[PDB]
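Working notes for the structure below.
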Amino acid sequence: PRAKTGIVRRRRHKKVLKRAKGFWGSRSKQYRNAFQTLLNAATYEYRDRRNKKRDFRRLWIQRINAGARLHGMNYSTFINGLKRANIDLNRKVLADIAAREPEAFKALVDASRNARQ
Amino acid sequence: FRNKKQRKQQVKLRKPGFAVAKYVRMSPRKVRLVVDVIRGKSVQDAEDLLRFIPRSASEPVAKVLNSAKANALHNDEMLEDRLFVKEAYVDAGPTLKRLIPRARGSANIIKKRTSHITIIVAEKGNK
Amino acid sequence: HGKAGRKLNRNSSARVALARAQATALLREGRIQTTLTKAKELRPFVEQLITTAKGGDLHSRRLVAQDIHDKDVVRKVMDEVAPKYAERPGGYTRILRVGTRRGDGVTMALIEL
Amino acid sequence: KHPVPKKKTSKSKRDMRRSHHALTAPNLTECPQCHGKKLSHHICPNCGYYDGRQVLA
Amino acid sequence: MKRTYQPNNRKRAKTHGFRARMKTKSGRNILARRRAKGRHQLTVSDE
RNA sequence: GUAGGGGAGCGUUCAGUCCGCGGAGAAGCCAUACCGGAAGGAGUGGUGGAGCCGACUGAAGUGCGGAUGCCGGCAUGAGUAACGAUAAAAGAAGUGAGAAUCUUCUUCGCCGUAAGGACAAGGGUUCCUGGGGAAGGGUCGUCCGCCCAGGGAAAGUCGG
RNA sequence: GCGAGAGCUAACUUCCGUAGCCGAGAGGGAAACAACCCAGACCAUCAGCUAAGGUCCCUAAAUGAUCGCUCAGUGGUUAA
RNA sequence: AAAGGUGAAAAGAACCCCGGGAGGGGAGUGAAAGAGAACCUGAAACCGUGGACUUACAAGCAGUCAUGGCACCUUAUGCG
Ligand SMILES: [Mg+2]
Ligand SMILES: [Mg+2]
Ligand SMILES: [Mg+2]
Ligand SMILES: [Mg+2]
Ligand SMILES: [Mg+2]
Ligand SMILES: [Mg+2]
Ligand SMILES: [Mg+2]
Ligand SMILES: [Mg+2]
Ligand SMILES: [Mg+2]
Ligand SMILES: [Mg+2]
Ligand SMILES: [Mg+2]
Ligand SMILES: [Mg+2]
Ligand SMILES: [Mg+2]
Ligand SMILES: [Mg+2]
Ligand SMILES: [Mg+2]
Ligand SMILES: [Mg+2]
Ligand SMILES: [Mg+2]
Ligand SMILES: [Mg+2]
Ligand SMILES: [Mg+2]
Ligand SMILES: [Mg+2]
Ligand SMILES: [Mg+2]
Ligand SMILES: [Mg+2]
Ligand SMILES: [Mg+2]
Ligand SMILES: [Mg+2]
Ligand SMILES: [Mg+2]
Ligand SMILES: [Mg+2]
Ligand SMILES: [Mg+2]
Ligand SMILES: [Mg+2]
Ligand SMILES: [Mg+2]
Ligand SMILES: [Mg+2]
Ligand SMILES: [Mg+2]
Ligand SMILES: [Mg+2]
Ligand SMILES: [Mg+2]
Ligand SMILES: [Mg+2]
């Protein structure tokens with residue numbers, strides 16, 4: 001008995017083309033370029049998952065550095081005197097405190113400096 | 001309603017303001033070129049503009065605007081002195097392929113595009 | 001670039017054989033239908049030919065006899081039309097732009113007396 | 001010799017090329033006598049009226 | 001310039017025809033081996 | 001984790017068998033933000049018009065982006081190049097639904113040991129009348145060597 | 001990279017030996033950069049410490065601290 | 001060589017409408033004309049009309065990932 005593709009291929013293909021939208025030109029419309037575009041897209045997804053884990057960390061950091069400096073502290077010195085008084089805060093939170101909660105950041109500062117000297 | 005079959009029974013399709021130049025021997029893009037000026041304009045305007053556009057596809061296009069106006073006034077009981085070009089477009093027909101000889105032995109597929117010219121007339125009022 | 005005339009994508013021998021047959025009919029029948037250009041080509045040459053014919057003397061009739069080859073027509077402009085044109089200094093012709101056409105899609109014109 | 005195109009062109013550019021091919025609409029007016037519509041400086045085609053009558057109805 | 005095919009009725013027939021094709025063995029053979037392929041065009045006699 | 005060996009499975013058809021659906025609508029197709037670890041598979045909505053899902057088992061022409069792969073369709077180049085000899089055309093008149101192109105007229109231009117005429121070879125109704133205009137015509141066509149129908153070809157001395 | 005031969009103590013050179021690496025290795029660093037320095041990615045996280053390598057701005061992190069040098073932009077390409 | 005399919009049955013569309021026509025818009029038949037003779041489904045490339053959000057100091061394997069804007073609300077008001 002013979003068994004044409006009949007259906008399967010159109011199936012596979014559409015799957016890709018439905019992943020494949022928003023894509024500029026041919027990419028969103030022809031299979032090969034679509035599936036392809038998606039190979040690379042794969043690479044970018046994986047890496048950029050861990051990557052965003054980096055990037056956010058960076059962001060939090062610069063916000064804290066700011067905070068410290070807003071009084072007279074370095075990031076490194078603030079964070080270090082916040083290791084010294086053992087104030088074991090996540091730094092994401094520290095950003096949050098720093099930019100949305102003023103006088104709190106103030107206190108955490110005075111603390112870090114105290115524990116530093 | 002309930003069944004699709006029941007809807008089929010009950011309603012029928014009426015086409016309001018619509019007519020169709022089918023299988024017309026002219027290339028789509030050309031004919032579009034005329035038609036881009038008709039669209040959305042005081043339907044009589046279209047009859048005038050189409051007397052002084054100097055392209056070849058003026059005439060089949062106008063022919064279809066009288067058909068629409070016709071079908072719109074008669075078959076659909078509309079209002080001449082307020083009728084207009086709600087829609088206008090053209091798409092491809094079955095394109096008509098024949099061979100031309102060329103230098104040395106070579107040959108060539110030369111395509112005589114057809115056009116489905118189509119206009120939809122309508123009633124234009126502001127309030 | 002002070003040059004002057006039309007080449008009317010014909011040679012130079014042609015150019016003449018034309019405006020000579022065209023003057024021949026414009027004089028032969030008061031007005032003609034013909035391309036707007038070839039008209040603004042036929043205006044001042046017919047016109048000048050009017051001013052040759054407007055003169056009486058045998059000369060002027062051989063002068064005309066050169067450009068307008070058919071006797072009847074010559075005789076017409078000589079005897080009939082040119083005299084009629086006496087008191088008028090110029091403007092023995094005028095030009096009218098009608099419209100388009102199918103094949104060539106060219107503007108078109110009536111040129112008359 | 002024999003220059004060809006390197007890559008097929010896109011729908012996008014191609015239709016940026018066409019960006020001008022757009023026809024200009026005969027700027028028309030209504031013709032004081034017979035009442036169809038005339039082209040400025042030409043004969044109103046229905047009657048034959050440029051100021052009196054010329055080409056005929 | 002001038003071409004391969006310059007028709008000649010007598011040539012055509014005296015060359016490819018039926019009295020001709022039957023005159024030889026391998027032409028009998030051509031014949032029936034054509035017939036089998038259901039030729040309407042049996043032979044240039046049949047033009 | 002490459003060549004490679006091993007492990008478990010997803011989907012396609014045909015087949016045996018059971019659960020069973022279907023004109024209050026099958027398959028196929030179309031949309032989507034649900035589910036599964038993945039091959040995949042469900043819900044509902046629109047299409048369609050008469051067939052089909054599911055489980056278990058069996059057998060395979062059983063899963064394609066590539067092969068300057070094969071068939072077909074449609075894109076690019078492009079409204080570009082070209083319209084096939086630089087012998088040349090004008091005006092009037094007519095016809096038609098529509099005419100630069102078809103039909104009259106009057107001229108002009110070109111061939112004239114030809115670009116005239118008569119045969120042969122080849123072609124096969126292309127001839128004539130009346131009609132047609134899809135396509136063939138390198139544009140247009142009311143026209144034609146194209147389409148339709150009807151007619152036309154006559155030998156004792158020519159030729160066999 | 002270390003050992004030698006052929007070379008011109010030439011080669012992104014070639015022919016052996018030997019370790020690691022790429023091949024079949026992603027991740028950070030060396031601007032960029034198969035081989036080099038750190039390091040071997042089973043998925044998830046908007047969580048923390050470090051390595052090589054860094055901390056004026058681009059660009060995360062001391063325009064740090066003290067004892068000095070060079071003033072040539074050396075740094076940021078060679079010799080008698 | 002490529003060539004297949006209206007409907008259950010021709011009941012094959014009298015008749016009015018724009019056009020020389022082609023083609024279409026009714027009507028009328030049928031269950032359906034979302035079957036009308038280029039007559040079963042009608043995928044994709046490919047060409048268009050409309051609409052949303054966008055785009056004329058910008059450097060690009062066209063993605064990814066983060067955030068803001070705007071829009072929408074039938075596995076769908078939140079992980080959207
Ligand atoms: Mg990390
Ligand atoms: Mg009914
Ligand atoms: Mg040839
Ligand atoms: Mg020219
Ligand atoms: Mg000469
Ligand atoms: Mg079965
Ligand atoms: Mg089946
Ligand atoms: Mg392929
Ligand atoms: Mg190539
Ligand atoms: Mg152009
Ligand atoms: Mg070009
Ligand atoms: Mg050009
Ligand atoms: Mg050209
Ligand atoms: Mg020619
Ligand atoms: Mg010429
Ligand atoms: Mg006459
Ligand atoms: Mg008439
Ligand atoms: Mg001609
Ligand atoms: Mg001859
Ligand atoms: Mg004839
Ligand atoms: Mg034609
Ligand atoms: Mg007629
Ligand atoms: Mg080597
Ligand atoms: Mg290898
Ligand atoms: Mg690496
Ligand atoms: Mg690296
Ligand atoms: Mg890097
Ligand atoms: Mg290297
Ligand atoms: Mg360190
Ligand atoms: Mg910084
Ligand atoms: Mg009809
Ligand atoms: Mg749009
Ligand atoms: Mg700028
Ligand atoms: Mg801008």
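Residues in the structure tokens are named by chain (A, B, ... in the order shown) and by number from 1 within that chain; ligands are numbered from 1 in the order shown.
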Query raised in the report: So which residues touch region 78-93 of chain B within 7 Å, counting only C-alpha atoms (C1' of nucleotides), skipping near sequence neighbours fewer than 5 positions away, as a ChimeraX atom specification?
Result: /B:23,28,32,39-43,72-73,113-124 /H:47-49
Query raised in the report: Could you list, as a VMD selection string, every residue of chain D that has an atom within 8 Å of an atom of chain F, counting only C-alpha atoms (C1' of nucleotides)?
Result: chain D and resid 4 to 5 8 to 10
Please dump the current selection as a compact mmCIF listing (two decimals), in the first residue's frame; keep N, CA and C atoms.
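Saved the output as part_21.txt:
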```txt
# COMPACT_ATOMS: atom_id res chain seq x y z
N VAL D 4 22.64 41.38 -15.00
CA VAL D 4 21.34 40.92 -14.51
C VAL D 4 21.16 41.47 -13.10
N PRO D 5 19.99 41.25 -12.47
CA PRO D 5 19.86 41.57 -11.06
C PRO D 5 20.38 40.48 -10.16
N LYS D 8 16.40 38.67 -6.23
CA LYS D 8 15.01 39.10 -6.43
C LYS D 8 14.63 40.32 -5.54
N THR D 9 13.88 41.26 -6.10
CA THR D 9 13.49 42.44 -5.33
C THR D 9 12.23 42.16 -4.52
N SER D 10 12.06 42.92 -3.44
CA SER D 10 10.97 42.69 -2.50
C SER D 10 9.64 43.30 -2.92
```
Report task. Excluding residue 57 (chain A) and residues on its chain fewer than 3 positions from it, collect all residues at most 9 Å away from it, counting only C-alpha atoms (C1' of nucleotides), and give them as a ChimeraX atom specification. Result -> /A:52-54,60-62,91-92 /G:46,60
Using N, CA, C and O atoms (P, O5', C5', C4', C3', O3' and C1' of nucleotides), can you export the residues from the last selection as a PDB file, in the first residue's frame?
```
ATOM      1  N   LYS A  52      19.026  37.672  30.456  1.00  0.00           N
ATOM      2  CA  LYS A  52      18.189  38.655  31.144  1.00  0.00           C
ATOM      3  C   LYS A  52      18.420  38.530  32.621  1.00  0.00           C
ATOM      4  O   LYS A  52      18.369  39.530  33.367  1.00  0.00           O
ATOM      5  N   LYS A  53      18.715  37.302  33.042  1.00  0.00           N
ATOM      6  CA  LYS A  53      19.123  37.174  34.432  1.00  0.00           C
ATOM      7  C   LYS A  53      20.352  38.046  34.712  1.00  0.00           C
ATOM      8  O   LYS A  53      20.449  38.680  35.766  1.00  0.00           O
ATOM      9  N   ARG A  54      21.279  38.120  33.769  1.00  0.00           N
ATOM     10  CA  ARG A  54      22.377  39.066  33.992  1.00  0.00           C
ATOM     11  C   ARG A  54      21.880  40.513  34.014  1.00  0.00           C
ATOM     12  O   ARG A  54      22.110  41.264  34.982  1.00  0.00           O
ATOM     13  N   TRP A  60      19.553  46.746  38.603  1.00  0.00           N
ATOM     14  CA  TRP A  60      19.462  46.891  40.051  1.00  0.00           C
ATOM     15  C   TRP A  60      20.742  47.534  40.562  1.00  0.00           C
ATOM     16  O   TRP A  60      20.717  48.505  41.329  1.00  0.00           O
ATOM     17  N   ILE A  61      21.865  47.009  40.096  1.00  0.00           N
ATOM     18  CA  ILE A  61      23.128  47.526  40.551  1.00  0.00           C
ATOM     19  C   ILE A  61      23.246  49.026  40.335  1.00  0.00           C
ATOM     20  O   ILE A  61      23.516  49.765  41.281  1.00  0.00           O
ATOM     21  N   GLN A  62      23.024  49.486  39.107  1.00  0.00           N
ATOM     22  CA  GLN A  62      23.270  50.902  38.821  1.00  0.00           C
ATOM     23  C   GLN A  62      22.341  51.785  39.614  1.00  0.00           C
ATOM     24  O   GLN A  62      22.703  52.900  40.033  1.00  0.00           O
ATOM     25  N   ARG A  91      19.703  42.386  46.242  1.00  0.00           N
ATOM     26  CA  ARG A  91      19.926  43.731  45.716  1.00  0.00           C
ATOM     27  C   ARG A  91      18.769  44.265  44.854  1.00  0.00           C
ATOM     28  O   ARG A  91      18.600  45.472  44.722  1.00  0.00           O
ATOM     29  N   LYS A  92      17.966  43.365  44.298  1.00  0.00           N
ATOM     30  CA  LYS A  92      16.738  43.746  43.603  1.00  0.00           C
ATOM     31  C   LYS A  92      15.854  44.557  44.549  1.00  0.00           C
ATOM     32  O   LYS A  92      15.330  45.642  44.217  1.00  0.00           O
TER      33      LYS A  92
ATOM     34  P     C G  46      13.305  35.606  35.378  1.00  0.00           P
ATOM     35  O5'   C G  46      13.735  37.088  35.721  1.00  0.00           O
ATOM     36  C5'   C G  46      15.012  37.346  36.274  1.00  0.00           C
ATOM     37  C4'   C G  46      14.930  38.269  37.453  1.00  0.00           C
ATOM     38  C3'   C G  46      14.041  37.794  38.600  1.00  0.00           C
ATOM     39  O3'   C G  46      14.638  38.195  39.828  1.00  0.00           O
ATOM     40  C1'   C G  46      13.349  39.915  37.904  1.00  0.00           C
ATOM     41  P     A G  60      27.861  51.260  33.576  1.00  0.00           P
ATOM     42  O5'   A G  60      27.776  50.091  34.651  1.00  0.00           O
ATOM     43  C5'   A G  60      26.869  49.006  34.498  1.00  0.00           C
ATOM     44  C4'   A G  60      27.213  47.872  35.436  1.00  0.00           C
ATOM     45  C3'   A G  60      28.233  48.202  36.514  1.00  0.00           C
ATOM     46  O3'   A G  60      27.641  48.812  37.652  1.00  0.00           O
ATOM     47  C1'   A G  60      28.800  46.146  35.453  1.00  0.00           C
TER      48        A G  60
END
```
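Residues in contact with ligand 19 (atom pairs separated by at most 10 Å; only C-alpha atoms (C1' of nucleotides) and all ligand atoms) are residues 114, 115, 116, 117 and 118 of chain F.
For chain F, the residues having at least one atom no farther than 6 Å from chain A, when counting only C-alpha atoms (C1' of nucleotides), are residues 13, 14, 61 and 65 of chain F.
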Written selection (C-alpha atoms (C1' of nucleotides)) as a PDB file, in the first residue's frame:
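Result written to out.pdb:
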```
ATOM      1  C1'   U F  13      -1.831   4.989   5.086  1.00  0.00           C
ATOM      2  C1'   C F  14      -3.847  -0.115   4.097  1.00  0.00           C
ATOM      3  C1'   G F  61       5.502   2.905  -1.665  1.00  0.00           C
ATOM      4  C1'   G F  65      14.380  22.573   2.576  1.00  0.00           C
TER       5        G F  65
END
```
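Within 7 Å of chain H, chain A contributes the residues residues 24, 41, 44, 45, 48 and 52 of chain A, using only C-alpha atoms (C1' of nucleotides).
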Those selected residues, please, written with N, CA, C and O atoms and delivered as a compact mmCIF listing (two decimals), in the first residue's frame.
```txt
# COMPACT_ATOMS: atom_id res chain seq x y z
N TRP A 24 9.23 39.99 9.50
CA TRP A 24 9.24 40.97 8.40
C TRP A 24 9.56 40.30 7.05
O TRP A 24 10.63 39.74 6.87
N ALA A 41 16.38 32.13 16.05
CA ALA A 41 15.53 32.60 17.14
C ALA A 41 15.66 31.72 18.38
O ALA A 41 15.64 32.21 19.51
N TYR A 44 18.69 32.59 20.23
CA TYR A 44 18.48 33.84 20.96
C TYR A 44 17.59 33.70 22.19
O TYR A 44 17.80 34.33 23.22
N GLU A 45 16.58 32.86 22.08
CA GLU A 45 15.76 32.60 23.24
C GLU A 45 16.59 32.01 24.41
O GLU A 45 16.76 32.66 25.45
N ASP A 48 19.24 34.26 25.83
CA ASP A 48 18.72 35.49 26.41
C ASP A 48 17.87 35.25 27.67
O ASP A 48 17.63 36.17 28.45
N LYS A 52 19.03 37.67 30.46
CA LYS A 52 18.19 38.65 31.14
C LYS A 52 18.42 38.53 32.62
O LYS A 52 18.37 39.53 33.37
```
